[PDB]
>>> print(open('query.txt').read())   # compact mmCIF, N, CA, C and O atoms
# COMPACT_ATOMS: atom_id res chain seq x y z
N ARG S 1 132.37 -86.01 -16.12
CA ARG S 1 131.10 -86.47 -15.51
C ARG S 1 130.14 -85.30 -15.37
O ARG S 1 130.55 -84.16 -15.21
N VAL S 2 128.85 -85.60 -15.43
CA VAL S 2 127.82 -84.59 -15.22
C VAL S 2 127.21 -84.75 -13.83
O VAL S 2 126.84 -85.86 -13.43
N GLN S 3 127.14 -83.66 -13.09
CA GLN S 3 126.62 -83.69 -11.74
C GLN S 3 125.12 -83.42 -11.75
O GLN S 3 124.64 -82.54 -12.46
N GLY S 4 124.38 -84.20 -10.97
CA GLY S 4 122.94 -84.03 -10.91
C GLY S 4 122.49 -83.32 -9.65
O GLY S 4 121.31 -83.01 -9.50
N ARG S 5 123.44 -83.04 -8.76
CA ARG S 5 123.16 -82.40 -7.48
C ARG S 5 122.39 -81.10 -7.66
O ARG S 5 121.41 -80.85 -6.96
N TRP S 6 122.83 -80.28 -8.60
CA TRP S 6 122.15 -79.03 -8.88
C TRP S 6 121.28 -79.17 -10.13
O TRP S 6 120.35 -78.40 -10.35
N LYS S 7 121.57 -80.18 -10.94
CA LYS S 7 120.85 -80.40 -12.19
C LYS S 7 119.36 -80.62 -11.93
O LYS S 7 118.52 -80.33 -12.78
N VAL S 8 119.04 -81.12 -10.73
CA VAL S 8 117.65 -81.31 -10.33
C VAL S 8 116.91 -79.98 -10.26
O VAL S 8 115.68 -79.94 -10.33
N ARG S 9 117.65 -78.89 -10.13
CA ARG S 9 117.05 -77.56 -10.09
C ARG S 9 116.62 -77.15 -11.49
O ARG S 9 115.66 -76.41 -11.66
N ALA S 10 117.34 -77.66 -12.48
CA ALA S 10 117.01 -77.39 -13.87
C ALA S 10 115.89 -78.31 -14.34
O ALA S 10 115.08 -77.94 -15.18
N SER S 11 115.86 -79.51 -13.78
CA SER S 11 114.81 -80.47 -14.08
C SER S 11 113.45 -79.93 -13.62
O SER S 11 112.49 -79.91 -14.39
N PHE S 12 113.40 -79.45 -12.39
CA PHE S 12 112.16 -78.95 -11.81
C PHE S 12 111.79 -77.57 -12.35
O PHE S 12 110.83 -76.96 -11.90
N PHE S 13 112.55 -77.09 -13.33
CA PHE S 13 112.21 -75.84 -14.00
C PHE S 13 110.94 -76.04 -14.82
O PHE S 13 110.17 -75.11 -15.05
N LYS S 14 110.73 -77.28 -15.22
CA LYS S 14 109.54 -77.64 -15.99
C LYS S 14 108.36 -77.83 -15.05
O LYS S 14 107.22 -77.48 -15.38
N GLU S 15 108.63 -78.36 -13.86
CA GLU S 15 107.61 -78.56 -12.84
C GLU S 15 107.32 -77.25 -12.10
O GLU S 15 106.45 -77.20 -11.23
N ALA S 16 108.04 -76.20 -12.47
CA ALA S 16 107.89 -74.90 -11.83
C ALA S 16 106.69 -74.14 -12.37
O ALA S 16 106.48 -72.98 -12.05
N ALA S 17 105.90 -74.80 -13.21
CA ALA S 17 104.65 -74.23 -13.69
C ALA S 17 103.56 -74.44 -12.65
O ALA S 17 102.50 -73.83 -12.70
N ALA S 18 103.85 -75.31 -11.69
CA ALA S 18 102.96 -75.59 -10.57
C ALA S 18 103.29 -74.69 -9.39
O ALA S 18 102.91 -74.97 -8.25
N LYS S 19 104.03 -73.62 -9.66
CA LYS S 19 104.60 -72.74 -8.64
C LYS S 19 103.55 -71.98 -7.82
O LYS S 19 103.90 -71.03 -7.12
N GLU S 20 102.28 -72.36 -7.91
CA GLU S 20 101.21 -71.69 -7.16
C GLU S 20 101.54 -71.58 -5.67
O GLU S 20 101.28 -70.54 -5.05
N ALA S 21 102.10 -72.63 -5.08
CA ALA S 21 102.49 -72.59 -3.67
C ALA S 21 103.88 -71.97 -3.53
O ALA S 21 104.22 -71.40 -2.49
N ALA S 22 104.66 -72.07 -4.59
CA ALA S 22 106.01 -71.52 -4.62
C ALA S 22 105.99 -70.05 -5.00
O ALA S 22 107.03 -69.46 -5.28
N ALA S 23 104.80 -69.46 -5.01
CA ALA S 23 104.67 -68.04 -5.26
C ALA S 23 105.03 -67.26 -4.00
O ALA S 23 105.49 -66.12 -4.08
N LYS S 24 104.83 -67.89 -2.85
CA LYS S 24 105.20 -67.29 -1.58
C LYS S 24 105.22 -68.34 -0.47
O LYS S 24 104.17 -68.86 -0.08
N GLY S 25 106.41 -68.66 0.02
CA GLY S 25 106.54 -69.55 1.16
C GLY S 25 106.52 -71.03 0.80
O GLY S 25 105.83 -71.82 1.45
N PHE S 26 107.27 -71.42 -0.22
CA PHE S 26 107.44 -72.84 -0.53
C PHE S 26 108.90 -73.23 -0.43
O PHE S 26 109.31 -73.93 0.50
N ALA S 27 109.68 -72.75 -1.38
CA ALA S 27 111.11 -73.02 -1.41
C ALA S 27 111.88 -71.70 -1.48
O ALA S 27 112.74 -71.51 -2.34
N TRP S 28 111.54 -70.80 -0.58
CA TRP S 28 112.15 -69.49 -0.54
C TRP S 28 112.99 -69.32 0.71
O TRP S 28 113.20 -68.21 1.20
N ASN S 29 113.44 -70.43 1.24
CA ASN S 29 114.25 -70.43 2.44
C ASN S 29 115.72 -70.47 2.07
O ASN S 29 116.16 -71.35 1.32
N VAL S 30 116.49 -69.53 2.59
CA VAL S 30 117.91 -69.49 2.32
C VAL S 30 118.61 -70.34 3.35
O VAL S 30 118.87 -69.90 4.47
N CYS S 31 118.91 -71.57 2.97
CA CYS S 31 119.57 -72.50 3.85
C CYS S 31 121.07 -72.51 3.60
O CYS S 31 121.53 -72.79 2.50
N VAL S 32 121.81 -72.19 4.64
CA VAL S 32 123.26 -72.16 4.57
C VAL S 32 123.85 -72.81 5.80
O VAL S 32 123.16 -72.98 6.81
N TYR S 33 125.10 -73.18 5.72
CA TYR S 33 125.75 -73.83 6.84
C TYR S 33 126.46 -72.80 7.69
O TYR S 33 127.64 -72.51 7.50
N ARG S 34 125.71 -72.25 8.64
CA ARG S 34 126.20 -71.21 9.51
C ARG S 34 126.90 -71.84 10.71
O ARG S 34 126.27 -72.49 11.54
N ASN S 35 128.23 -71.65 10.76
CA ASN S 35 129.10 -72.25 11.77
C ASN S 35 128.79 -73.73 11.99
O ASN S 35 128.83 -74.24 13.12
N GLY S 36 128.51 -74.43 10.90
CA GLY S 36 128.29 -75.86 10.96
C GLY S 36 126.82 -76.25 10.96
O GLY S 36 126.47 -77.37 10.62
N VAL S 37 125.95 -75.31 11.32
CA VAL S 37 124.53 -75.61 11.42
C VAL S 37 123.79 -75.10 10.20
O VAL S 37 123.98 -73.96 9.77
N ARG S 38 122.95 -75.95 9.63
CA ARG S 38 122.18 -75.58 8.46
C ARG S 38 121.02 -74.67 8.85
O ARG S 38 120.01 -75.11 9.40
N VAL S 39 121.20 -73.39 8.58
CA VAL S 39 120.26 -72.36 8.98
C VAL S 39 119.49 -71.85 7.77
O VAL S 39 120.06 -71.75 6.68
N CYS S 40 118.21 -71.58 7.93
CA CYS S 40 117.40 -71.10 6.82
C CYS S 40 116.61 -69.86 7.20
O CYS S 40 116.03 -69.78 8.29
N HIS S 41 116.60 -68.88 6.31
CA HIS S 41 115.82 -67.66 6.50
C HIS S 41 115.06 -67.32 5.24
O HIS S 41 115.48 -67.66 4.14
N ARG S 42 113.94 -66.64 5.41
CA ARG S 42 113.01 -66.40 4.31
C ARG S 42 113.47 -65.27 3.40
O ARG S 42 113.84 -64.19 3.88
N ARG S 43 113.46 -65.52 2.10
CA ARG S 43 113.77 -64.51 1.11
C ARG S 43 112.69 -63.44 1.10
O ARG S 43 111.53 -63.71 1.40
N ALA S 44 113.09 -62.23 0.76
CA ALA S 44 112.17 -61.10 0.72
C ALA S 44 111.29 -61.16 -0.53
O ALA S 44 111.57 -60.50 -1.53
N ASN S 45 110.25 -61.97 -0.47
CA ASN S 45 109.36 -62.17 -1.60
C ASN S 45 107.90 -62.08 -1.16
O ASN S 45 107.39 -63.06 -0.59
>>> encode(input="query.txt", output="structure tokens")
Amino acid sequence: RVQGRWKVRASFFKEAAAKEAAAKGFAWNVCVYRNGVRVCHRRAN
């Protein structure tokens, strides 16, 4: 089977030409499950 969970990241690689807002402060949040809680911090960009 092919998983689409991450495949959507490859799909939006084409839509990543609109990255004008994604140049700084769009999807640069590092979200991880820290002790059960989904925590996000900003990448150094």
>>> atom_distance(input="query.txt", atom1="atom CA of residue 22 of chain S", atom2="atom CA of residue 45 of chain S")
10.4 Å
>>> atom_distance(input="query.txt", atom1="atom O of residue 9 of chain S", atom2="atom O of residue 43 of chain S")
18.7 Å
>>> atom_distance(input="query.txt", atom1="atom CA of residue 15 of chain S", atom2="atom N of residue 28 of chain S")
15.0 Å
>>> select_by_dssp(input="query.txt", residues="chain S", states="alpha helix (DSSP H)", output="PyMOL selection string")
chain S and resi 7-11
>>> residues_near_point(input="query.txt", point="(116.3, -67.9, 1.9)", cutoff="6 Å", atoms="only N, CA, C and O atoms", output="number ranges by chain")
S: 28-31, 40-43
>>> select_by_dssp(input="query.txt", residues="chain S", states="strand (DSSP E or B)", output="count of residues only")
12
>>> axis_aligned_box(input="query.txt", around="segment 31-45 of chain S", padding_each_side="5 Å", output="AutoDock Vina command-line options")
--center_x 118.2 --center_y -68.9 --center_z 5.8 --size_x 31.7 --size_y 26.9 --size_z 24.7
>>> decode(input="query.txt", residues="segment 7-45 of chain S", atoms="C-alpha atoms", output="PDB file, in the first residue's frame")
ATOM      1  CA  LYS S   7       2.815  12.034   0.432  1.00  0.00           C
ATOM      2  CA  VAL S   8       0.825  15.265   0.776  1.00  0.00           C
ATOM      3  CA  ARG S   9       4.176  16.924   1.498  1.00  0.00           C
ATOM      4  CA  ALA S  10       5.374  15.841  -1.930  1.00  0.00           C
ATOM      5  CA  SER S  11       2.106  16.930  -3.517  1.00  0.00           C
ATOM      6  CA  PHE S  12       2.400  20.464  -2.128  1.00  0.00           C
ATOM      7  CA  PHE S  13       5.938  20.599  -3.506  1.00  0.00           C
ATOM      8  CA  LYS S  14       4.276  21.919  -6.636  1.00  0.00           C
ATOM      9  CA  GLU S  15       2.175  24.395  -4.654  1.00  0.00           C
ATOM     10  CA  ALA S  16       5.390  25.464  -2.930  1.00  0.00           C
ATOM     11  CA  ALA S  17       5.911  28.026  -5.684  1.00  0.00           C
ATOM     12  CA  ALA S  18       3.446  30.151  -3.724  1.00  0.00           C
ATOM     13  CA  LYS S  19       5.911  30.037  -0.819  1.00  0.00           C
ATOM     14  CA  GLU S  20       5.841  33.866  -0.512  1.00  0.00           C
ATOM     15  CA  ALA S  21       4.278  33.527   2.960  1.00  0.00           C
ATOM     16  CA  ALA S  22       6.222  30.334   3.587  1.00  0.00           C
ATOM     17  CA  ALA S  23       9.416  32.321   3.186  1.00  0.00           C
ATOM     18  CA  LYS S  24       9.212  33.171   6.876  1.00  0.00           C
ATOM     19  CA  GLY S  25       6.587  32.175   9.422  1.00  0.00           C
ATOM     20  CA  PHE S  26       4.133  29.926   7.586  1.00  0.00           C
ATOM     21  CA  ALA S  27       4.917  26.263   8.095  1.00  0.00           C
ATOM     22  CA  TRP S  28       8.203  26.556   9.944  1.00  0.00           C
ATOM     23  CA  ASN S  29       6.896  25.308  13.252  1.00  0.00           C
ATOM     24  CA  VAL S  30       8.518  22.201  14.662  1.00  0.00           C
ATOM     25  CA  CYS S  31       5.585  20.323  16.086  1.00  0.00           C
ATOM     26  CA  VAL S  32       6.412  17.282  18.157  1.00  0.00           C
ATOM     27  CA  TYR S  33       4.699  15.251  20.815  1.00  0.00           C
ATOM     28  CA  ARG S  34       6.517  16.390  23.914  1.00  0.00           C
ATOM     29  CA  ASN S  35       5.474  14.161  26.837  1.00  0.00           C
ATOM     30  CA  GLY S  36       2.141  13.650  25.106  1.00  0.00           C
ATOM     31  CA  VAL S  37       1.527  17.283  24.196  1.00  0.00           C
ATOM     32  CA  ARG S  38       1.913  18.516  20.643  1.00  0.00           C
ATOM     33  CA  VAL S  39       4.435  21.312  21.040  1.00  0.00           C
ATOM     34  CA  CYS S  40       5.664  23.597  18.260  1.00  0.00           C
ATOM     35  CA  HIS S  41       8.684  25.892  18.050  1.00  0.00           C
ATOM     36  CA  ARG S  42       9.935  28.125  15.267  1.00  0.00           C
ATOM     37  CA  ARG S  43      12.743  26.969  12.997  1.00  0.00           C
ATOM     38  CA  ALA S  44      15.751  29.249  12.704  1.00  0.00           C
ATOM     39  CA  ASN S  45      14.845  30.802   9.360  1.00  0.00           C
TER      40      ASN S  45
END
